[PDB]
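Engineer: The structure that follows is given in the form of structure tokens.
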Amino acid sequence: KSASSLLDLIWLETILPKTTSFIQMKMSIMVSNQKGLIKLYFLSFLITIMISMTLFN
Amino acid sequence: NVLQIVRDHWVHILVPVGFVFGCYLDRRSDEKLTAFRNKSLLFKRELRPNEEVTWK
Amino acid sequence: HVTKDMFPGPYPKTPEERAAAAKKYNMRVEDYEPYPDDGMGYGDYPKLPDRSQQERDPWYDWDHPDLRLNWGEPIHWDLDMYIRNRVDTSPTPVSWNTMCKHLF
Amino acid sequence: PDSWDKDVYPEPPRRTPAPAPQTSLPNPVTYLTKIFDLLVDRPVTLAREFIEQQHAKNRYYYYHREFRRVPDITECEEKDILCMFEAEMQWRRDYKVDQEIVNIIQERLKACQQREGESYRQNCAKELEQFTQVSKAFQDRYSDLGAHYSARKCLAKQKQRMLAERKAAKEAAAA
Amino acid sequence: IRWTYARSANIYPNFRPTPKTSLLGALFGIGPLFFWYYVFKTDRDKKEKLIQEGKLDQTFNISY
Amino acid sequence: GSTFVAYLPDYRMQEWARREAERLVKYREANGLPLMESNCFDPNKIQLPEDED
Amino acid sequence: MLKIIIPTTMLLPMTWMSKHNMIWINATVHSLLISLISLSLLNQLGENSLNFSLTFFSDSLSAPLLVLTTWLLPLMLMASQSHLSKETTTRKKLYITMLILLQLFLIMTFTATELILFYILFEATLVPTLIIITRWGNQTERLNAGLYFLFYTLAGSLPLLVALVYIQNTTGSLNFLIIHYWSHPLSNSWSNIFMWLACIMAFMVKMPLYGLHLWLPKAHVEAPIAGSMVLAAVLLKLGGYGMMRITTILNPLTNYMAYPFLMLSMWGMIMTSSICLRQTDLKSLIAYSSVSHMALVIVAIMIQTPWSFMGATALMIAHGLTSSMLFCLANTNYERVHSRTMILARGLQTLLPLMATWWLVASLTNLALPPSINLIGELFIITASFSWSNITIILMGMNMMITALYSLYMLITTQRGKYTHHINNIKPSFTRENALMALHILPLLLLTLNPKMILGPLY
Amino acid sequence: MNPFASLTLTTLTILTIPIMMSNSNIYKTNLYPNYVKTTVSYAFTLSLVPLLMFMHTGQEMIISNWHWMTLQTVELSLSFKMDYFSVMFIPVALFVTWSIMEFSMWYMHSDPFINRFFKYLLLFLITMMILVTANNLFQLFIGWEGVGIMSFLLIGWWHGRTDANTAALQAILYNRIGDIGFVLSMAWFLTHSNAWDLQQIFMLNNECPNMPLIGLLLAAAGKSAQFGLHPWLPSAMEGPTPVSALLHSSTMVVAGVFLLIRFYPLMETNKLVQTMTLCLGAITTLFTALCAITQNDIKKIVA
Amino acid sequence: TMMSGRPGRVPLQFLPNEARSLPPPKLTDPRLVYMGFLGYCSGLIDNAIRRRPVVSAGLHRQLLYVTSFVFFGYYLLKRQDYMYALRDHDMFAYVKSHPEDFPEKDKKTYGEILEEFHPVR
Ligand SMILES: CCCCCCCCCCCCCCCCCC(=O)OC[C@H](COP(=O)([O-])OCC(O)COP(=O)([O-])OC[C@@H](COC(=O)CCCCCCCCCCCCCCCCC)OC(=O)CCCCCCCCCCCCCCCCC)OC(=O)CCCCCCCCCCCCCCCCC
Ligand SMILES: CCCCCCCCCCCCCCCCC[C@@H](O)O[C@H](CO[C@H](O)CCCCCCCCCCCCCCC)COP(=O)(O)OCC[N+](C)(C)C
Ligand SMILES: CCCCCCCCCCCCCCCCC[C@@H](O)O[C@H](CO[C@H](O)CCCCCCCCCCCCCCC)COP(=O)(O)OCC[N+](C)(C)C
Ligand SMILES: CCCCCCCCCCCCCCCCC[C@@H](O)O[C@H](CO[C@H](O)CCCCCCCCCCCCCCC)COP(=O)(O)OCC[N+](C)(C)C
Ligand SMILES: CCCCCCCC/C=C\CCCCCCCC(=O)O[C@H](COC(=O)CCCCCCC/C=C/CCCCCCCC)COP(=O)(O)OCCN
């Protein structure tokens, strides 16, 4: 109940591998989900240019 | 029958030839680490009347 | 030769999937009872009575006479804990509380 | 036997009693040991004599290797690797020799305990004191270096111990 | 086959983070470690104090 | 291979170390020196730092 | 050192030029000859080491591992001969090529005078193992298993590389000899703490540590028999070798930093031994037993005493041989039954008596019966830990009891009782399998005659 | 010279020859049990001689013949102790085993694996002889575990019977509980007295502390089936009657007691451990007799 | 070590003239043998991709592969050795020309240096 199922099969699996898989999957979904509209990409580029001009100097 | 079994069993010489070549290469690498030969404070030794190097 | 539908699944919530799970494990819907739907990964598995394999009938012609099991019948979750080589729950001539108190 | 030194492994003179038969009944031990001698000891001795003459027909010798003394870790510069290598090798050899010395003293102690029989507590106090002193010295030398021990760690332990000793002596004198 | 699969490969997909499960996992997976750490740390602290004061009597202690 | 490993020459210097110890203890018992010294390195060649505290 | 490396390299052209029906014979014969050649490395000295050149050196810690690595290849070929019968000649040659590449990588890893070369080969061993697991595995989980076996390893090993190069920027060298001779104490600092963690966790993930052991049951259960043997016998010992080699620069920070890992290993040996008690899978049981034994070896290395190092060396060698034998026995059962479940094939002593004798000997040597080298390593580690702290004896006694319990449980469940009635395809054991078990077990009982050959450089 | 050592080692040596011949042709015939019985009888009549020498003179001896590994200042060697206990117990055990095998030739006449039965009996005898004559703790541990494994194999002789396997695993479990204390004692003696040899242990322990003697007491309680760990001895009656008569009645079970006899110079210098041993023995004997007076199985009563 | 701006450097010279004062690599250099082995592997892969007998399809093609690899490897090894020699020469000259930045450390024996001892317990 504890050594085999609770810790080995569930929690030790939940902490290192499953959390990593979940976080990476969520980040991949967030980053790769772009509708291909150059308007959004250009607005993001303008925001980045302004941020760098206001931050790195 | 010679010249017929050779074409089938010639692969068996590969490993022993590799072993001999490795021994030769080990001796060749040995030859390049003689900077302290007969110069150790523990084995400073006067050469024999017919001895050139303490070890090869 | 086992198909995907023959494997244990998630906890049953509706009577229809409860009957389907009972059919899967070769038991009556009335006799079927899953483990409580808690965090533990029991899922849809029958909760057979916690009786040991020692107290099963030794005169019945089982398919596995030493294990006292039949071929297609459902297997207890803790079968390897009750194998007649380990802890058994057979009734005793004296009550458990009485034995504990007397020995202590 | 000449195969080992009597001084390194001392033994008492081994006084033994004389047989004093108080009865005319003949004991089984003497007859049994005589028949054992005849049936076992003689053939073994003849085979050994044959083997010994065969060995004498072919005689050859081997020599105990001797090692020169080399400057130890105290006469080594901070980063001069050659002298540190030589000192480390010398220190390891000395460590092995000290291990063998402790082994010899322990063998003496065990032989005493078995030999003196029921009076080992009193007749083996000398060996007990010898082993106590040797063990104290060995423990002071090498007790807590641990794995990855080196001549430098041994020297550091000695320096720490002698600093403590010097401070204690100074305080006692200045008490 | 159903028994082995349910015992081995059907646990995590049916797992659900629950106060019972979280508490039991935390206890059974952390409590023993900290308990044994406290025990061993206390024992070694007492040993170190005794050896520092010199009243430990380590005669004949040569192999470690 | 087992016969080869069994008859390997003594490169670990076990018999050498034993004989060295026998000769050393024979010497030291004869002159009465107190067996093995506590100091691995002689103190006169060590230069301690003076505290002056 | 090249007298061993070059024949191993020549094993590849010979394998690829061999006739379609003579690959196994040639590979086995020449691997056995290479092992005979490698036996010469056992002649070590009480002095520094056997420094062959600037690149490769030997030691009495490296030599037993090298001998075991060379000896394992013929057994792997003999066990793989069975289930690769229906395979094309090209794919059989590719399998043998993977095995030969693994052996060459291990041989070059164990000598490795320098730490970056050691890291390069220590990671180079990953690729052939991953290919073997994910290509010639039977079930659909093998791919998943491979992913685990990869990423865990890299998760520990990429930081190590960083630490390594950092050290070479400060010390100026990564040579083992210069590192040992010029070692300086580590100040108790946060930077030094994280350097310690980076140096240590890469090897602790490969033992594996109790918290990081999840990949091992997957990789062992899913890999083919040769993969299981090479994983349990040699690949687990790479972490122990790395820790033994790298703890020299970590002192005195090891005293404080070792406590979490000591607690994890001392409790995880109990946890995994208890896990072995309730297991429906033979391979999973053997894998968890391996985890327990390597937890004990971790404790030995962390305590860092001469007796600890000797016992750890002996235990790594003994566990390698014993675990390989156990996996071979389970594979022989599986090739007949095709299920890999302990409870299904029962009463096998009545049908295969000699195989039952092999099972009994393997279980006895896994149970650490004296005077086996398993017991020698176990006892040396226990004595060193008792000197470390007298309360460890409770945990070690518990571990010994549970180990005996689950070993005899595995023996009794499969060999004793009444045979399964419906299972009728159990043929008599072949000469190949019996010879495999004999070649596994005879070296153990020969090594118990000369224990000093496997007791490491601190003997 | 002094045939004591030669005779004492020859008895144990010739106890092993049938095990060597177990792979020969005689093992495949029906003359093997008689071969083993005759070997045991000859060993007994050969070991009767050192007993006579000791009775005449009081001769005692230590034979450290083969040198095993040496770990720094610790030297391990194959060493035999031939004191009064060994030279007295060896003939008695050999005589009992001879009677047991003669009875076995009639009791197990219908057993298909009777040669293996006699091989097992001889292996147990060899392990017990190793246990009794051991001069250091490692050899004593070797015999300790050998007799336990042999009892495990002989209790589950009828491996098709579930209860026999259960009893064998029960015996292994309780004996491992004892082995915990055995290993504790070994580790303490190595760490503090720097030896597993008996002479150094006796010499360096004028006032033995509590822990090693408590470990020895735990091991003895485990192997002799005292009250804490008693049930395995009655449960071991699942084996064949010769096994119960030889191992679990008169030879193997005394081993733990024999262990405490080996360390009596150290037991006499501690009063708490002596009191614990006395109390354990008293409660064990009372409880076991109380259980016995109401049993119906004859073998259980004798156990 | 940015030696692109090193004084007196001809722009597109692969091997300068001063590089001729260095010993050329031996024709049995292990790196040259590795380059030839790379060429042989390229030949084998070329035979495999085109679906030809891998070992014995084109001997002239494999010979050309090995020869070209050996040629380029020899010249590359020459350039590498020259570049490392330049680095060492510059480092030694800079050390010689800046004595105040690289003082001679006083030789101190281990007998007079106090190192802290940490017991292993
Ligand atoms: C560590 C350093 C030391 C070792 C160095 C390692 C690298 C060295 C070699 C590098 C590559 C060069 C050659 C590879 C070309 C590929 C050709 C091929 O496939 O082989 C077929 C060919 C035989 O087949 P065939 O009858 O000609 O026609 C069949 C078709 O070719 C094809 O038949 P098929 O299409 O019907 O069969 C299909 C099969 C065919 O697919 C393949 O076999 C592909 C070939 C492997 C990929 C090559 C990758 C490039 C190199 C990377 C090496 C990585 C090493 C690092 C470690 C990580 C491992 C990945 O594919 C599959 O089965 C699909 C699944 C495959 C399983 C997963 C794939 C894993 C592949 C990884 C292999 C890496 C090691 C390769 C070793 C050599 C293999 C030939 O093999 C050979 O005969 C050539 C082998 C070498 C010739 C030796 C001659 C020298 C002996 C005489 C002189 C003595 C020397 C000493 C002098 C002094 C003595 C007196
Ligand atoms: C079938 C039933 C039995 C029939 C057979 C009856 C005969 C029984 C006899 C067999 C065992 C009984 C014990 C008898 C022991 C005698 C042999 C022993 O004394 O020799 C040992 C020798 O054995 C070897 O040391 C151990 C064997 C080598 C182990 C290497 C394994 C082989 C390599 C294969 C690959 C390895 C794979 C594992 C990787 C590590 C100890 O030697 P040692 O006291 O020291 O000194 C030897 C003499 N000197 C002084 C000149 C040096
Ligand atoms: C998942 C399965 C296991 C994986 C591996 C686990 C093993 C790794 C655990 C690392 C060991 C501990 C790390 C640091 C130990 C230092 C000692 C410290 O803990 O004790 C006190 C430190 O106090 C506090 O602990 C400060 C740190 C608090 C923040 C750390 C987070 C605590 C829990 C996080 C654990 C999560 C680990 C996994 C991360 C993914 C001492 O006080 P102080 O004298 O002042 O500091 C001494 C050190 N100095 C001198 C360098 C300054
Ligand atoms: C990825 C594997 C490497 C493959 C490389 C391509 C192989 C085919 C190339 C065929 C010959 C190319 C050599 C060009 C002939 C003359 C070059 C010469 O005129 O240029 C000099 C320069 O020589 C070339 O740059 C060197 C080319 C050598 C490339 C090989 C290095 C590979 C790295 C290690 C991997 C091992 C690969 C081995 C197998 C090929 C002068 O440069 P300079 O005007 O002053 O400064 C510009 C460069 N700066 C700004 C960076 C300083
Ligand atoms: C099995 C998966 C586990 C993954 C392994 C995790 C453990 C490894 C530690 C995390 C990465 C650290 C790498 C450090 C590389 C060594 C270099 C070094 O130590 O030098 C230090 C560098 O120290 C650092 O920079 C450490 C910063 C760490 C940043 C990344 C943190 C990653 C997450 C850490 C949390 C987890 C901690 C415990 C992990 C245990 C494993 C679960 C000094 O830097 P300087 O500035 O040059 O010195 C001058 C000033 N004194």
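Letters A, B, ... mark the chains of the structure tokens in the order given; residue numbers begin at 1 per chain; ligand numbers begin at 1, in order shown.
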With a distance threshold of 12 Å and counting only C-alpha atoms, extract the residues of chain A near chain C and express them as a CSV table (one decimal) with N, CA, C and O atoms, in the first residue's frame.
Structural biologist:
```
chain,number,residue,atom,x,y,z
A,1,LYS,N,0.8,-1.2,0.0
A,1,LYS,CA,0.0,0.0,0.0
A,1,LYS,C,0.9,1.3,0.0
A,1,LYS,O,0.6,2.2,-0.8
A,2,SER,N,1.8,1.3,0.9
A,2,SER,CA,2.6,2.5,1.0
A,2,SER,C,3.9,2.5,0.2
A,2,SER,O,4.1,3.4,-0.7
A,4,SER,N,5.0,0.4,-2.2
A,4,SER,CA,4.9,0.1,-3.6
A,4,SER,C,4.0,1.1,-4.4
A,4,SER,O,4.4,1.7,-5.3
A,5,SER,N,2.7,1.2,-3.9
A,5,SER,CA,1.7,2.0,-4.7
A,5,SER,C,1.8,3.4,-4.3
A,5,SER,O,1.8,4.3,-5.2
A,6,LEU,N,1.8,3.8,-3.1
A,6,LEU,CA,1.6,5.2,-2.7
A,6,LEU,C,2.9,6.0,-3.0
A,6,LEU,O,2.8,7.1,-3.6
A,7,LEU,N,4.0,5.5,-2.7
A,7,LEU,CA,5.3,6.2,-2.9
A,7,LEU,C,5.9,5.9,-4.3
A,7,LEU,O,6.1,6.8,-5.1
A,9,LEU,N,4.8,4.1,-7.0
A,9,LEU,CA,3.9,4.2,-8.2
A,9,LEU,C,3.2,5.5,-8.4
A,9,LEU,O,2.7,5.7,-9.5
A,10,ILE,N,3.2,6.3,-7.4
A,10,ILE,CA,2.3,7.5,-7.4
A,10,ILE,C,3.2,8.8,-7.2
A,10,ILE,O,3.3,9.6,-8.1
A,11,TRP,N,3.7,8.9,-6.0
A,11,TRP,CA,4.3,10.2,-5.6
A,11,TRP,C,5.7,10.4,-6.1
A,11,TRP,O,6.0,11.5,-6.6
```
Engineer: Could you list, as a count of residues only, all residues that come within 12 Å of ligand 3? Count only C-alpha atoms and all ligand atoms.
Structural biologist: 57
Engineer: List every residue of chain F that DSSP, applied to the backbone of this structure, places in alpha helix (DSSP H), and write the result as a VMD selection string.
Structural biologist: chain F and resid 2 to 6 14 to 31
Engineer: Please produce a file of those selected residues containing C-alpha atoms, as a PDB file, in the first residue's frame.
Structural biologist:
```pdb
ATOM      1  CA  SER F   2      42.197 -19.524 -12.457  1.00  0.00           C
ATOM      2  CA  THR F   3      45.624 -21.179 -12.325  1.00  0.00           C
ATOM      3  CA  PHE F   4      47.181 -17.961 -13.656  1.00  0.00           C
ATOM      4  CA  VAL F   5      45.452 -15.819 -11.019  1.00  0.00           C
ATOM      5  CA  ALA F   6      46.342 -18.295  -8.263  1.00  0.00           C
ATOM      6  CA  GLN F  14      53.014  -8.964   1.318  1.00  0.00           C
ATOM      7  CA  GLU F  15      55.964 -11.270   2.004  1.00  0.00           C
ATOM      8  CA  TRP F  16      58.315  -8.311   1.504  1.00  0.00           C
ATOM      9  CA  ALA F  17      56.389  -6.254   4.061  1.00  0.00           C
ATOM     10  CA  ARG F  18      56.323  -9.189   6.475  1.00  0.00           C
ATOM     11  CA  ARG F  19      60.095  -9.717   6.237  1.00  0.00           C
ATOM     12  CA  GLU F  20      60.743  -5.981   6.605  1.00  0.00           C
ATOM     13  CA  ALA F  21      58.619  -5.964   9.762  1.00  0.00           C
ATOM     14  CA  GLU F  22      60.402  -9.032  11.164  1.00  0.00           C
ATOM     15  CA  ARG F  23      63.849  -7.511  10.671  1.00  0.00           C
ATOM     16  CA  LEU F  24      62.700  -4.153  12.065  1.00  0.00           C
ATOM     17  CA  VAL F  25      61.142  -5.657  15.195  1.00  0.00           C
ATOM     18  CA  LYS F  26      64.211  -7.870  15.681  1.00  0.00           C
ATOM     19  CA  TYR F  27      66.371  -4.739  15.570  1.00  0.00           C
ATOM     20  CA  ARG F  28      64.142  -2.748  17.932  1.00  0.00           C
ATOM     21  CA  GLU F  29      63.668  -5.520  20.500  1.00  0.00           C
ATOM     22  CA  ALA F  30      67.452  -5.901  20.601  1.00  0.00           C
ATOM     23  CA  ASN F  31      68.185  -2.230  21.236  1.00  0.00           C
TER      24      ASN F  31
END
```
Engineer: Find the spatial neighbours of range 104-113 of chain G, counting only C-alpha atoms, within a cut-off of 9 Å - ignore same-chain residues fewer than 2 positions away - and output them as a PyMOL selection string.
Structural biologist: chain G and resi 1+4-5+8-9+51+53-59+62-63+65-66+69-70+99-102+115-122+124-125+174-177+234-235+238+241
Engineer: At a cut-off of 8 Å, using only C-alpha atoms, what residues contact residue 16 in chain H? Leave out same-chain residues fewer than 4 positions from it and give the result as a list in words.
Structural biologist: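 Contacts, in chain order: residues 12, 20, 122 and 126 of chain H.
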Engineer: Just the residues within 8 Å of residue 192 in chain H, please, counting only C-alpha atoms, with nothing from its chain fewer than 6 positions along; format it as a ChimeraX atom specification.
Structural biologist: /E:58-61
Engineer: Please save N, CA and C atoms of the selected residues as a PDB file, in the first residue's frame.
Structural biologist:
```pdb
ATOM      1  N   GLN E  58      38.946   4.732  23.337  1.00  0.00           N
ATOM      2  CA  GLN E  58      39.039   4.070  22.040  1.00  0.00           C
ATOM      3  C   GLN E  58      40.266   3.180  21.917  1.00  0.00           C
ATOM      4  N   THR E  59      40.732   2.592  23.015  1.00  0.00           N
ATOM      5  CA  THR E  59      41.880   1.699  22.943  1.00  0.00           C
ATOM      6  C   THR E  59      41.562   0.497  22.062  1.00  0.00           C
ATOM      7  N   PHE E  60      42.553   0.081  21.273  1.00  0.00           N
ATOM      8  CA  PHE E  60      42.499  -1.046  20.344  1.00  0.00           C
ATOM      9  C   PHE E  60      41.585  -0.801  19.150  1.00  0.00           C
ATOM     10  N   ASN E  61      41.008   0.391  19.018  1.00  0.00           N
ATOM     11  CA  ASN E  61      40.164   0.722  17.870  1.00  0.00           C
ATOM     12  C   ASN E  61      41.071   1.147  16.724  1.00  0.00           C
TER      13      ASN E  61
END
```
